[PDB]
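A single chain, nothing else alongside it, follows as structure tokens in the form deposited in one PDB entry.
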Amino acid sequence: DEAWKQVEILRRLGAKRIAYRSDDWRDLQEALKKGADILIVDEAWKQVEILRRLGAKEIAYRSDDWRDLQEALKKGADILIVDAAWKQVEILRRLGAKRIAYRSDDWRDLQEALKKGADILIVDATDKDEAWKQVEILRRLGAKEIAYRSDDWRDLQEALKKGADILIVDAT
């Protein structure tokens, strides 16, 4: 409901890179004011446009349609989220994407996406302990910008302790 409160807690607990995912631009705008650094917009380009006009400098957009991804970029979206092959990261950069986030449940897949120029590696595995291990594996390999998502700030805090650089607060 009011998830921006989770951003405050993680801020005070030493989270330097916090993202906020929501389908309400006002909910997203309020999160930016509470310390959120990345606004993930889940017809949704009207949101990235508003947040862009409201001074947001790190808007992410996810979608399976590339005409949709392309429209989001034109409206201001700085980050584009690919959900798992890694062979489309370079293809996506040609569309004009300044930053590419790659979501996958396997660390090998994420490392492959990192070699192709992916800037952000989102760990999204079924189990929580299995997700922890993938963060740990990527951290050991030196992967920069490891991201983990959860609607429980305690899991996010644990993620940060395991090696996650970006904590995605999932608002709902």
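Residue numbers run from 1 along the displayed sequence. Take the two forms, superpose them, and find the largest set of C-alpha atoms that agree within 1.5 Å; that set is the rigid core.
Note that the form deposited in another entry isn't included here; everything after this is about it.
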| field | Of the candidates 37, 27, 124, 136, the only Cα that travels 2 Å or more between the shown form and the other one, given a rigid-core fit | value | 124
| request: Would you tell me if residue 108 moves between the shown form and the other one by 2 Å or more at its C-alpha, with the rigid core held superposed? | output: yes
| query | Out of closer and farther, which fits the Cα atoms of residue 136 and residue 129 in the other entry compared with this form, where the change is 3 Å or more? | reply | farther
